[PDB]
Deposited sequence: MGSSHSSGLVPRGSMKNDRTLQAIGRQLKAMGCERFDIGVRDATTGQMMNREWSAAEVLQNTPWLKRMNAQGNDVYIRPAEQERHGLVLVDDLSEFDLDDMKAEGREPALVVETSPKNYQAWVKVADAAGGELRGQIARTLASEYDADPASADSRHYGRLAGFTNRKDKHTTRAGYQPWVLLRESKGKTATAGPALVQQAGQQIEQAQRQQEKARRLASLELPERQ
């Protein structure tokens, strides 16, 4: 079925060995976290299907101790995606959170620290008028293959999942590093 294919493609595109899976209750707004390996995520798909059908939104992000260069950019249009691709900020995957509403994961390197990923997230959110609240190194993204429960139920779709490092990836790390240490120099 289409749910399992979407998850698999997404896990491949994100490339992480381990993930945090967030299950948010639509009534209380309470997030339930589960650290799973990629294989465990797929193993617990029937449960994730059940919780979703029982009115829970399903979210995904790399595990806390995972070495990665993934950065979430949330609340995008398809024109914003075209801008990203034309400016070297090609997403590793694009997720349709609700009809005609998108978000993207950008891979800047095979590995980058939280402090660099945090800076790049703030820059990427500003560059493409993305949601500034979603700009931090540990923000949850939607997991495709599940229904959107807040909207207003439509399926969350994985539009593309090439999983390649962004062209501006290495450059984004270089710039963030300089910006961080220049701000660190402004200590007095």
Need the unmodelled segments of the deposited chain, numbered from 1, in order.
1-17, 170-176, 213-226
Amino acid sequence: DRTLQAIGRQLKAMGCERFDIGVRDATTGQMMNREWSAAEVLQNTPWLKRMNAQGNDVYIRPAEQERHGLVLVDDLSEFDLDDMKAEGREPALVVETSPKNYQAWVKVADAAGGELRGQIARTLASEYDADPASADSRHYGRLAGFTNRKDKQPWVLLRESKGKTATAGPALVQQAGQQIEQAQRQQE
From here on, numbers count along this sequence of modelled residues.
As stated in the PDB record, which stretch has the larger average Cα B-factor, 131-139 or 55-63?
131-139
Taking the recorded C-alpha temperature factors, which stretch has the higher mean, 174-182 or 10-18?
174-182
Choose from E115, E78, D110, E90 the residue with the greatest Cα B-factor as stated in the PDB record.
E78
Quick one: classify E35 as lowest, middle or highest third of the chain based on its Cα B-factor.
middle
Sorting the chain's modelled residues by C-alpha B-factor and splitting them into thirds places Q43 in the lowest
